[PDB]
Structures are given as structure tokens and as C-alpha cells.
């Protein structure tokens, strides 16, 4: 059925139905993988920025956008790993987000997703901690292919 695999190279070139991006709640995708997502999906960013100004993006809730692309990823799942970008990430934010990430994958019937190392580096979390949680979460989706990208 579904496999959890070790990703490498550029997450944005993953051959999956969804891509996960790591975001803050204040409307700024200024460095790291979020910057790359902004450059590739400018309409997605504009929607995210509007939602942030209105207070609609919060810890524990995915902000999901459709790409509308005939080829490649259909959904961008923006996973909040931080409140303000000034502040670090926390394991509790990852726990809460994963709950909604699973819910969203089920609800949208996503067959495959690529996931970055949520809150590691930029957010200051330990990889091994986050990797455990990611693997645990995707074991609840036995028919989904999950490609997990370690710190690069």
C-alpha cells in the first residue's frame, strides 16, 4: 500500500500530489523553503498573505491552496511551525499541526505528500524528534505515500 520514503534533493520537485510548506502566521515567506514556495506559487502566497492579515492562519490548522497545475502537485499545504518569524518553533506546534495535516489529507483524498523537516534549522527543533512524529503521523495513513526530506 502506502510507503514512507526518505526524500532527497529539492522538495519542490517531488512527484507527489501535495507538497508541505512551513510557515509563520504573520504573512512572510522570506527565507528557506518558504521563500522557494513563494517564488514558485505567487498566487498561493498572495492568498496566504491575505489570510494572515485577517488572522485566519494559526498554529494547529493547515492553510491549504490548490495549485491548478495539470502537471505536478495539486495542493500546497502550508503548515504553521511558528507564530511570529522572530520566535522559534516548538514541538507542541508540530503535534497540533500534524493532527490537522492528517485530517486534511483524508478530507481531500490526497494519495501522496512530500514533507520537509518541519521546524528544524529555522525553527531550532531536533530532527530526530520531528522525524519520530512525522513517521507516527503517517502510520495513521497506511494508503498514503509520504516522502520525508531530512535536513539539507
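Positions refer to the first chain, counted from 1.
K.L.:
For the C-alpha atoms alone, is the average B factor greater in 108 to 116 or in 35 to 43, going by the entry?
P.N.:
Between 108 to 116 and 35 to 43, it is 35 to 43 that shows the higher mean C-alpha B-factor.
K.L.:
Residue 140's Cα B-factor: lowest, middle or highest third of the chain?
P.N.:
Highest third - that is where residue 140 ends up once the chain's C-alpha B-factors are sorted.
K.L.:
Residue 131's Cα B-factor: lowest, middle or highest third of the chain?
P.N.:
CA B-factor rank for residue 131: lowest third.
K.L.:
Thinking about Cα B factors across the chain, which third does residue 48 belong to?
P.N.:
Tercile = middle for this residue's CA B-factor.
K.L.:
If you rank every modelled residue in this chain by C-alpha B factor, which third holds residue 63: lowest, middle or highest?
P.N.:
As the PDB entry reports it, the C-alpha B-factor of residue 63 lands in the lowest third of its chain.
K.L.:
Residue 95: which third of its chain by C-alpha temperature factor?
P.N.:
Answer is middle: the recorded C-alpha B-factor places it there.
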